[PDB]
Amino acid sequence: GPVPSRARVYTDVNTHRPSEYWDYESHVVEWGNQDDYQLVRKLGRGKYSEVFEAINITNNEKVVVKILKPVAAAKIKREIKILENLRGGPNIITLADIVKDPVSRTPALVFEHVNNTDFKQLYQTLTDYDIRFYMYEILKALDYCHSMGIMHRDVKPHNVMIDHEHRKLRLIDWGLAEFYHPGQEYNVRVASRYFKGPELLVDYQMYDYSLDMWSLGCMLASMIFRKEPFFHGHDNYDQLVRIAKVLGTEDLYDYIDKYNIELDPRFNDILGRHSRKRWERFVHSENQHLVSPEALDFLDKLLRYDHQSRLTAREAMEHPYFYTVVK
Ligand SMILES: CCc1ccccc1-c1ccc(CNCCc2nc3ccccc3[nH]2)cc1C(F)(F)F
Ligand SMILES: CCc1ccccc1-c1ccc(CNCCc2nc3ccccc3[nH]2)cc1C(F)(F)F
Ligand SMILES: CCc1ccccc1-c1ccc(CNCCc2nc3ccccc3[nH]2)cc1C(F)(F)F
């Protein structure tokens, strides 16, 4: 069968934690008062949530209310546990309260209010410096959550809120996040299609924090090449075909051989044979101001088939791409 794998960093963080910390079922529910909140306007949605701007009437403070649909509602204890473990961490969204509607019994998570610059404004105005600055802010969040034994598993632009006026960023929607345990086989039906790592697409279950580094690379390729999404698959099989048309089929086969991964028997018919593409093929007059040899070297070090070969979040912060960022 497949060859085992473990994270190269933060391998044993969750073993130092006591037992029964893991048994969260009818444990520390602690519901707040829903009547403290008045919904003001809809901000947007998650896949299984509706998000509102609200007012806390006991103190007139602006907050964010995330109403959970049944799919997200079922995993609420894990999202609560993860949000509480990471609270106060760099660029992590702050959970402020947990409430339930007594009429529908639907639960909601209440957060610190964070400004969210409109996506159209961000897409046209972020400079080469802005991209380096915000990517460095996301790495601070990923290194922190990875150091705490947690993988986000849904890194994408929609899960990144930017208050551009105050140069502030938050990594949000920890609903798919999970605790990393060495040797554990995880569900591959995580992240969003366009941001799924090759490990997920080839059904390699023993993945780790490195999956977040792949998704971050997809996000970066989209920002510097102004091509959203960068890898635009029609389904999960085609998603791997989109990646192979850029990274090539030779390194993909070296990857599946290294881990002894068995693919669907029709693999050759959809994957074909493709050379590695030069990054310069994606460069044109409208995005050339966002591309540098450092950017491409960084992208190259994130977007690798082999999850063990990708930069960790801490190594990524050391890359020359970030030398012009004020630290
Ligand atoms: C391809 C993305 C992109 C390319 C080039 C420049 C900027 C962006 C971008 C554009 C928008 C955003 C902001 N994302 C937050 C969206 C959002 N609003 C929410 C409201 C409610 C719930 C979730 C929410 N998520 C972040 C980004 C980001 F993070 F910089 F990539
Ligand atoms: C249905 C939305 C919901 C979904 C999931 C969890 C909680 C709620 C909820 C449930 C109740 C309230 C507070 N409702 C107060 C409404 C109200 N204001 C009044 C002012 C004067 C007189 C009567 C009034 N009734 C706030 C909320 C809130 F803000 F969404 F959290
Ligand atoms: C142990 C079963 C087995 C024995 C012999 C040959 C193949 C497999 C196999 C092995 C794995 C899977 C699961 N799906 C593979 C994932 C995948 N992603 C692809 C993307 C593109 C092309 C093929 C792809 N296959 C399905 C299968 C299946 F369906 F049984 F064939």
# chains A, B, ... in the order shown; residues from 1 in each chain; ligands from 1
call {"tool": "residues_near_ligand", "arguments": {"ligand": "ligand 2", "cutoff": "6 Å", "atoms": "only C-alpha atoms and all ligand atoms", "output": "PyMOL selection string"}}
result
chain A and resi 34-35+37-39+67+99-101+106-108
call {"tool": "residues_around", "arguments": {"residues": "residue 247 (chain A)", "least_positions_apart": "3", "cutoff": "12 Å", "atoms": "only C-alpha atoms", "output": "CSV table (one decimal) with C-alpha atoms, in the first residue's frame"}}
result
chain,number,residue,atom,x,y,z
A,198,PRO,CA,-1.9,17.0,-5.2
A,231,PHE,CA,-5.5,26.1,-11.5
A,240,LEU,CA,-4.7,17.4,-11.2
A,241,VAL,CA,-4.6,17.6,-15.0
A,242,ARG,CA,-4.5,21.5,-14.7
A,243,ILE,CA,-1.6,21.2,-12.3
A,244,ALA,CA,0.3,18.6,-14.5
A,250,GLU,CA,7.6,13.7,-15.0
A,251,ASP,CA,7.7,15.2,-11.5
A,252,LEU,CA,4.1,13.9,-10.8
A,253,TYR,CA,5.2,10.3,-11.6
A,255,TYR,CA,5.9,11.8,-6.7
A,271,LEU,CA,-3.1,13.1,-17.5
A,273,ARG,CA,2.4,13.8,-21.0
A,274,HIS,CA,3.4,17.4,-20.3
A,275,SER,CA,6.7,19.2,-19.9
A,276,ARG,CA,7.3,21.7,-17.0
A,277,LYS,CA,6.1,25.2,-18.2
A,278,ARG,CA,8.2,28.2,-17.8
A,279,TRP,CA,6.7,30.8,-15.3
A,299,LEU,CA,6.2,30.2,-6.0
A,300,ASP,CA,8.4,27.3,-7.2
A,301,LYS,CA,9.3,26.3,-3.6
A,302,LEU,CA,5.6,26.2,-2.6
A,303,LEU,CA,4.1,24.6,-5.7
A,304,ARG,CA,5.8,21.2,-5.5
A,305,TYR,CA,4.0,17.8,-5.8
A,306,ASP,CA,6.0,16.3,-2.9
call {"tool": "residues_near_ligand", "arguments": {"ligand": "ligand 3", "cutoff": "7 Å", "atoms": "only C-alpha atoms and all ligand atoms", "output": "list in words"}}
result
residues 201, 202, 203, 236, 237, 238, 240, 241, 262, 263, 264, 265, 266, 267, 270 and 271 of chain A
call {"tool": "closest_residue", "arguments": {"among": "A:313, A:220, A:71, A:295", "to": "ligand 1", "atoms": "only C-alpha atoms and all ligand atoms"}}
result
A:220
call {"tool": "residues_near_ligand", "arguments": {"ligand": "ligand 1", "cutoff": "6 Å", "atoms": "only C-alpha atoms and all ligand atoms", "output": "PyMOL selection string"}}
result
chain A and resi 43-46+51+119+122-123+126+157-162+222-223+228
call {"tool": "write_last_selection", "arguments": {"atoms": "N, CA, C and O atoms", "output": "short mmCIF file (atom, residue, chain, number, x, y, z; two decimals), in the first residue's frame"}}
result
data_model
loop_
_atom_site.label_atom_id
_atom_site.label_comp_id
_atom_site.auth_asym_id
_atom_site.auth_seq_id
_atom_site.Cartn_x
_atom_site.Cartn_y
_atom_site.Cartn_z
N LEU A 43 -22.74 40.49 5.45
CA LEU A 43 -21.40 40.75 4.93
C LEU A 43 -21.02 39.83 3.79
O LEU A 43 -20.27 40.23 2.89
N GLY A 44 -21.50 38.60 3.85
CA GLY A 44 -21.21 37.57 2.86
C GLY A 44 -21.52 36.20 3.40
O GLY A 44 -22.25 36.06 4.39
N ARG A 45 -20.98 35.16 2.74
CA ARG A 45 -21.24 33.78 3.11
C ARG A 45 -20.00 32.93 3.01
O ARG A 45 -19.09 33.25 2.23
N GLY A 46 -20.01 31.83 3.76
CA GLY A 46 -19.08 30.72 3.65
C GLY A 46 -19.86 29.65 2.88
O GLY A 46 -20.97 29.93 2.39
N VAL A 51 -22.84 35.26 7.05
CA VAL A 51 -22.10 36.16 7.93
C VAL A 51 -22.72 37.55 7.93
O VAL A 51 -22.99 38.09 6.85
N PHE A 119 -13.27 43.22 -2.53
CA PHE A 119 -12.41 42.43 -3.41
C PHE A 119 -12.03 43.17 -4.72
O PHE A 119 -10.87 43.11 -5.12
N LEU A 122 -9.22 45.65 -3.89
CA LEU A 122 -7.97 44.92 -3.65
C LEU A 122 -7.29 44.40 -4.91
O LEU A 122 -6.09 44.58 -5.07
N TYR A 123 -8.07 43.77 -5.81
CA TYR A 123 -7.57 43.18 -7.04
C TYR A 123 -6.84 44.20 -7.93
O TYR A 123 -5.75 43.92 -8.39
N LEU A 126 -3.64 46.41 -5.18
CA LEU A 126 -2.47 45.90 -4.43
C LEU A 126 -1.20 45.96 -5.26
O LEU A 126 -1.18 45.53 -6.40
N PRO A 157 -8.24 33.07 -0.95
CA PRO A 157 -8.54 34.49 -0.75
C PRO A 157 -9.80 34.77 0.04
O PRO A 157 -9.79 35.68 0.85
N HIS A 158 -10.88 34.00 -0.18
CA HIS A 158 -12.13 34.18 0.56
C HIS A 158 -11.97 34.03 2.10
O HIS A 158 -12.72 34.64 2.86
N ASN A 159 -10.94 33.28 2.55
CA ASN A 159 -10.71 33.07 3.98
C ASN A 159 -9.66 34.00 4.52
O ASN A 159 -9.16 33.80 5.61
N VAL A 160 -9.40 35.06 3.78
CA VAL A 160 -8.42 36.04 4.22
C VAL A 160 -9.10 37.41 4.17
O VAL A 160 -9.44 37.85 3.10
N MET A 161 -9.31 38.04 5.33
CA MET A 161 -9.96 39.37 5.39
C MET A 161 -8.88 40.41 5.57
O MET A 161 -8.02 40.28 6.45
N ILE A 162 -8.93 41.41 4.70
CA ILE A 162 -7.92 42.48 4.71
C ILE A 162 -8.60 43.83 4.97
O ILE A 162 -9.57 44.16 4.29
N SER A 222 -2.17 33.33 -8.23
CA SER A 222 -3.34 34.12 -8.67
C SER A 222 -3.11 35.61 -8.55
O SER A 222 -3.49 36.35 -9.46
N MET A 223 -2.48 36.06 -7.45
CA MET A 223 -2.20 37.47 -7.15
C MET A 223 -1.13 38.07 -8.06
O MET A 223 -1.30 39.19 -8.54
N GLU A 228 -7.30 34.28 -11.82
CA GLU A 228 -8.11 33.74 -10.72
C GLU A 228 -9.19 32.72 -11.17
O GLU A 228 -10.11 33.08 -11.91
#
call {"tool": "decode", "arguments": {"residues": "region 252-283 of chain A", "atoms": "N, CA, C and O atoms", "output": "compact mmCIF listing (two decimals), in the first residue's frame"}}
result
# COMPACT_ATOMS: atom_id res chain seq x y z
N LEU A 252 5.36 14.50 -11.41
CA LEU A 252 4.15 13.93 -10.82
C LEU A 252 4.36 12.42 -10.64
O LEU A 252 4.10 11.89 -9.57
N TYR A 253 4.90 11.76 -11.69
CA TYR A 253 5.16 10.33 -11.64
C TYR A 253 6.27 9.97 -10.64
O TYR A 253 6.13 8.96 -9.95
N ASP A 254 7.29 10.85 -10.47
CA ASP A 254 8.35 10.68 -9.46
C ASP A 254 7.71 10.74 -8.05
O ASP A 254 8.11 9.98 -7.16
N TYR A 255 6.71 11.62 -7.89
CA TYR A 255 5.93 11.79 -6.65
C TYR A 255 5.11 10.54 -6.36
O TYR A 255 5.24 9.99 -5.27
N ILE A 256 4.31 10.06 -7.33
CA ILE A 256 3.48 8.88 -7.06
C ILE A 256 4.36 7.63 -6.81
O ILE A 256 3.99 6.81 -5.97
N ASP A 257 5.54 7.52 -7.47
CA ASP A 257 6.49 6.41 -7.27
C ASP A 257 7.13 6.47 -5.89
O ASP A 257 7.24 5.44 -5.23
N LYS A 258 7.49 7.67 -5.42
CA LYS A 258 8.10 7.85 -4.10
C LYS A 258 7.19 7.36 -2.96
O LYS A 258 7.68 6.68 -2.03
N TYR A 259 5.88 7.65 -3.04
CA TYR A 259 4.92 7.29 -1.98
C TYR A 259 4.13 6.05 -2.26
O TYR A 259 3.27 5.68 -1.46
N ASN A 260 4.42 5.38 -3.40
CA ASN A 260 3.75 4.17 -3.85
C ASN A 260 2.25 4.41 -3.98
O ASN A 260 1.44 3.63 -3.50
N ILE A 261 1.88 5.54 -4.61
CA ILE A 261 0.47 5.90 -4.76
C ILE A 261 -0.07 5.19 -5.99
O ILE A 261 0.59 5.16 -7.02
N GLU A 262 -1.25 4.63 -5.90
CA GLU A 262 -1.91 3.95 -6.98
C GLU A 262 -2.98 4.93 -7.47
O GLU A 262 -3.73 5.49 -6.67
N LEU A 263 -2.98 5.24 -8.76
CA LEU A 263 -3.96 6.17 -9.36
C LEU A 263 -5.10 5.40 -10.01
O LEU A 263 -4.96 4.21 -10.26
N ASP A 264 -6.21 6.08 -10.38
CA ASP A 264 -7.32 5.49 -11.13
C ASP A 264 -6.70 4.87 -12.40
O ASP A 264 -5.79 5.46 -12.97
N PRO A 265 -7.12 3.65 -12.82
CA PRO A 265 -6.46 2.98 -13.96
C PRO A 265 -6.49 3.70 -15.31
O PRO A 265 -5.73 3.33 -16.20
N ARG A 266 -7.33 4.73 -15.45
CA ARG A 266 -7.47 5.50 -16.69
C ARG A 266 -6.54 6.72 -16.68
O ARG A 266 -6.64 7.56 -17.57
N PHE A 267 -5.61 6.78 -15.68
CA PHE A 267 -4.73 7.90 -15.38
C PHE A 267 -4.01 8.51 -16.59
O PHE A 267 -4.00 9.74 -16.72
N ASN A 268 -3.45 7.65 -17.47
CA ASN A 268 -2.69 8.04 -18.66
C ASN A 268 -3.54 8.79 -19.67
O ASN A 268 -3.06 9.75 -20.28
N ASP A 269 -4.81 8.36 -19.82
CA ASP A 269 -5.77 8.97 -20.73
C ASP A 269 -6.15 10.39 -20.34
O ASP A 269 -6.31 11.22 -21.23
N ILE A 270 -6.28 10.72 -19.05
CA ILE A 270 -6.59 12.12 -18.78
C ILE A 270 -5.32 12.93 -18.49
O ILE A 270 -5.30 14.09 -18.87
N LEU A 271 -4.29 12.34 -17.84
CA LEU A 271 -3.07 13.08 -17.48
C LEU A 271 -2.18 13.39 -18.67
O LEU A 271 -1.57 14.47 -18.71
N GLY A 272 -2.09 12.46 -19.61
CA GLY A 272 -1.23 12.62 -20.78
C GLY A 272 0.23 12.76 -20.41
O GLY A 272 0.70 12.17 -19.43
N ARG A 273 0.95 13.56 -21.18
CA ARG A 273 2.39 13.78 -21.01
C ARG A 273 2.58 15.28 -21.22
O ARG A 273 2.11 15.81 -22.22
N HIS A 274 3.19 15.98 -20.25
CA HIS A 274 3.37 17.43 -20.33
C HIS A 274 4.71 17.80 -19.71
O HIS A 274 5.13 17.25 -18.69
N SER A 275 5.41 18.71 -20.37
CA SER A 275 6.71 19.23 -19.90
C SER A 275 6.39 20.26 -18.80
O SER A 275 5.25 20.69 -18.71
N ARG A 276 7.40 20.65 -18.01
CA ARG A 276 7.27 21.71 -17.00
C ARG A 276 7.15 23.02 -17.80
O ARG A 276 7.85 23.17 -18.79
N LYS A 277 6.22 23.91 -17.43
CA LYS A 277 6.07 25.17 -18.16
C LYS A 277 6.92 26.21 -17.51
O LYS A 277 7.11 26.18 -16.29
N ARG A 278 7.46 27.13 -18.33
CA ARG A 278 8.24 28.23 -17.80
C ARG A 278 7.24 29.24 -17.21
O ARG A 278 6.16 29.45 -17.80
N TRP A 279 7.56 29.80 -16.04
CA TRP A 279 6.70 30.77 -15.34
C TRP A 279 6.43 31.99 -16.18
O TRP A 279 5.35 32.57 -16.12
N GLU A 280 7.40 32.33 -17.05
CA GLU A 280 7.37 33.49 -17.94
C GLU A 280 6.25 33.39 -18.96
O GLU A 280 5.81 34.42 -19.48
N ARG A 281 5.69 32.17 -19.17
CA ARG A 281 4.54 31.98 -20.04
C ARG A 281 3.27 32.65 -19.46
O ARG A 281 2.32 32.90 -20.21
N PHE A 282 3.24 32.90 -18.13
CA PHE A 282 2.08 33.50 -17.48
C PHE A 282 2.26 35.01 -17.33
O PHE A 282 1.34 35.69 -16.86
N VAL A 283 3.47 35.52 -17.67
CA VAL A 283 3.81 36.93 -17.51
C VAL A 283 3.40 37.71 -18.78
O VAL A 283 3.70 37.30 -19.91
